[PDB]
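Raw contents of data-v3.txt, compact mmCIF, N, CA and C atoms:
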```
# COMPACT_ATOMS: atom_id res chain seq x y z
N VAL T 1 185.89 166.57 58.73
CA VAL T 1 186.40 167.72 57.96
C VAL T 1 187.11 167.29 56.66
N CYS T 2 187.57 168.26 55.83
CA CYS T 2 188.34 168.01 54.60
C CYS T 2 189.50 169.01 54.49
N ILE T 3 190.38 168.97 55.50
CA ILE T 3 191.59 169.77 55.61
C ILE T 3 192.61 168.98 56.43
N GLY T 4 193.87 169.44 56.41
CA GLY T 4 194.88 168.90 57.29
C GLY T 4 196.20 168.78 56.63
N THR T 5 196.26 168.28 55.38
CA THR T 5 197.47 168.22 54.57
C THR T 5 197.31 169.10 53.32
N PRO T 6 198.32 169.75 52.75
CA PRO T 6 198.13 170.61 51.59
C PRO T 6 198.06 169.83 50.29
N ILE T 7 198.39 168.53 50.28
CA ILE T 7 198.06 167.58 49.22
C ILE T 7 197.22 166.44 49.79
N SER T 8 196.15 166.06 49.07
CA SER T 8 195.32 164.96 49.47
C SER T 8 194.38 164.47 48.35
N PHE T 9 193.51 163.50 48.73
CA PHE T 9 192.46 162.94 47.92
C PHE T 9 191.26 163.87 47.94
N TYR T 10 190.24 163.63 47.08
CA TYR T 10 188.93 164.28 47.14
C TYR T 10 188.20 164.25 48.49
N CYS T 11 187.18 165.11 48.59
CA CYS T 11 186.31 165.26 49.74
C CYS T 11 184.94 164.58 49.48
N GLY I 1 192.18 167.49 48.29
CA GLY I 1 192.20 168.41 49.43
C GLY I 1 191.57 167.85 50.67
N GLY I 2 190.68 166.84 50.52
CA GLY I 2 189.93 166.19 51.57
C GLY I 2 190.60 164.98 52.16
N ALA I 3 189.94 163.82 52.03
CA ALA I 3 190.33 162.65 52.81
C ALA I 3 189.75 161.32 52.36
N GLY I 4 189.03 161.30 51.23
CA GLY I 4 188.35 160.13 50.69
C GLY I 4 189.18 159.31 49.74
N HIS I 5 188.82 159.34 48.45
CA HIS I 5 189.55 158.71 47.37
C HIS I 5 189.44 159.60 46.14
N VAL I 6 190.22 159.29 45.08
CA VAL I 6 190.42 160.09 43.88
C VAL I 6 191.44 161.18 44.17
N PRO I 7 192.67 161.14 43.66
CA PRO I 7 193.65 162.22 43.85
C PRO I 7 193.18 163.62 43.41
N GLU I 8 193.36 164.69 44.20
CA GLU I 8 193.11 166.03 43.70
C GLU I 8 194.05 166.48 42.61
N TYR I 9 195.34 166.16 42.76
CA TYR I 9 196.38 166.47 41.78
C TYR I 9 196.98 165.15 41.33
N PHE I 10 197.94 165.20 40.39
CA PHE I 10 198.84 164.08 40.16
C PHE I 10 200.12 164.32 40.99
```
Will you turn the file into structure tokens for me?
Amino acid sequence: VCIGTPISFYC
Amino acid sequence: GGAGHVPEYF
């Protein structure tokens, strides 16, 4: 997936 | 927003 934290790196 | 590399924001 590409979710979990409201700030992160690219997908 | 994902989990790879390259920051989405600064």
Coordinates-based distance that separates atom N of residue 9 of chain T from atom C of residue 3 of chain I (Å, one decimal): 5.7 Å
Contacts of residue 4 of chain I at 8 Å (only C-alpha atoms; same-chain gap of 2+ positions) as a VMD selection string: (chain T and resid 9 to 11) or (chain I and resid 2 6)
Convert the current residue selection to file output with N, CA and C atoms, as a compact mmCIF listing (two decimals), in the frame of the given file.
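Written output follows (selection_16.txt):
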```txt
# COMPACT_ATOMS: atom_id res chain seq x y z
N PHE T 9 193.51 163.50 48.73
CA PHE T 9 192.46 162.94 47.92
C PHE T 9 191.26 163.87 47.94
N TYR T 10 190.24 163.63 47.08
CA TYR T 10 188.93 164.28 47.14
C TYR T 10 188.20 164.25 48.49
N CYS T 11 187.18 165.11 48.59
CA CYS T 11 186.31 165.26 49.74
C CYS T 11 184.94 164.58 49.48
N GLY I 2 190.68 166.84 50.52
CA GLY I 2 189.93 166.19 51.57
C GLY I 2 190.60 164.98 52.16
N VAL I 6 190.22 159.29 45.08
CA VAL I 6 190.42 160.09 43.88
C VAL I 6 191.44 161.18 44.17
```
Interatomic distance (Å, one decimal) between atom CA of residue 1 of chain I and atom C of residue 6 of chain T: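 Atom-to-atom, atom CA of residue 1 of chain I and atom C of residue 6 of chain T are spaced 6.1 Å apart.
Going from atom N of residue 9 of chain I to atom N of residue 1 of chain T covers 18.6 Å.
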